[PDB]
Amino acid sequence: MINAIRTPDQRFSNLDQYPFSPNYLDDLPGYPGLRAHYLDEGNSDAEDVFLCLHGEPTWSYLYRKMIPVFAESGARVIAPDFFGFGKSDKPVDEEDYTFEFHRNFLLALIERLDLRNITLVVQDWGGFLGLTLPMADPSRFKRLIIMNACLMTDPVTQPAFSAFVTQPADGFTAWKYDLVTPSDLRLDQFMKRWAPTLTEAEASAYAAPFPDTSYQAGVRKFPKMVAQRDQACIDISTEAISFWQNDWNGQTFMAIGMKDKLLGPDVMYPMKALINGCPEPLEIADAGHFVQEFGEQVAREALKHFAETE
């Protein structure tokens, strides 16, 4: 029904440090005919599930240094690829991707796999979407690991969650320009700019899912949805603020990539106050937006904080 395309499997032959086996679902309710890929690592019977959500313009490859730490801890880790990214199917028109399309795909996945005792791991889009998930079924979520992300609320309710779209010129403005304007978007070049410590091989794993522009619709829509928040996103993100401030009673661990021009401290301190019980953030001086690239520190500290209360 949704015209979609699928990345050829050979594009992923030569991946650097990505030894995880694929799992796919093509029978989700509301997602007829679309195949979603997700990693399922560690013990499939563990009590704890770390649900690892990625953002723009990445994929589950992003969580590759953190996955083995969470798995060795005894947890089951689920790291799905949103449709339009990684190894899931990719709808061809940008009009098909909406906040709820991706949100509902997450609640569907979660119900489909019946995930319980979830430690939500978010950053960017994975947090814009992922932070509005617990209020939907509070009982299945028990901890949160939040790296640079916030809620897509209206400007008046939280100016901090909106100011970054316009200032500074080299933060979000540049990021969106680099993503929506080029008629020939090279994701390996994009990633090396925004994540300067990546090796060539790593950079190239981020361009792996997209052979040509035709597979990039999902990638182009995300930034435009940060810029143009529709009513449903606004409503639902507004309502999640209340959930984190008042309803939330789990364990949280926050890690800020200090060099992030997009969602660094001016956005993370504010988020930290709205999340009940959130503790002092772990500032990682050398990390930019992709906190995950400095991921192992994050995973072991989180697990250390979490054990120190369990």
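Each residue number is its position in the shown sequence, starting from 1.
J.: Averaging CA B factors per stretch from the PDB record, which one is higher: 264 to 272 or 242 to 250?
T.: Comparing averages over the C-alpha atoms only gives 242 to 250.
J.: Should the higher mean CA B-factor in the entry be assigned to 42 to 50 or to 252 to 260?
T.: If you average the C-alpha B-factors of 42 to 50 and of 252 to 260, the larger mean comes out for 42 to 50.
J.: By the CA temperature factor listed in this entry, which of these ranks top: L34, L62, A285, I67?
T.: Out of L34, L62, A285, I67, the record gives the largest C-alpha B-factor to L34.
J.: With respect to the C-alpha temperature factors reported in the PDB entry, which of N104, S88, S183, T173 ranks highest?
T.: In this record, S183 carries the highest C-alpha B-factor of the candidates.
J.: Which third, lowest, middle or highest, does the C-alpha temperature factor of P196 belong to within its own chain?
T.: For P196, the deposited C-alpha B-factor lands in the middle third.
J.: Check where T166 lands among this chain's C-alpha B-factors and tell me if it's the lowest, middle or highest third.
T.: As the PDB entry reports it, the C-alpha B-factor of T166 lands in the highest third of its chain.
J.: Thinking about Cα B factors across the chain, which third does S214 belong to?
T.: Within its chain, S214 is a middle-third residue by C-alpha B-factor, going by the deposited values.
J.: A299's Cα B-factor: lowest, middle or highest third of the chain?
T.: Middle third of the chain for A299's C-alpha B-factor.
J.: Per the entry's values, where does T157 land by CA temperature factor relative to the rest of its chain, in the lowest, middle or highest third?
T.: Highest third of the chain for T157's C-alpha B-factor.
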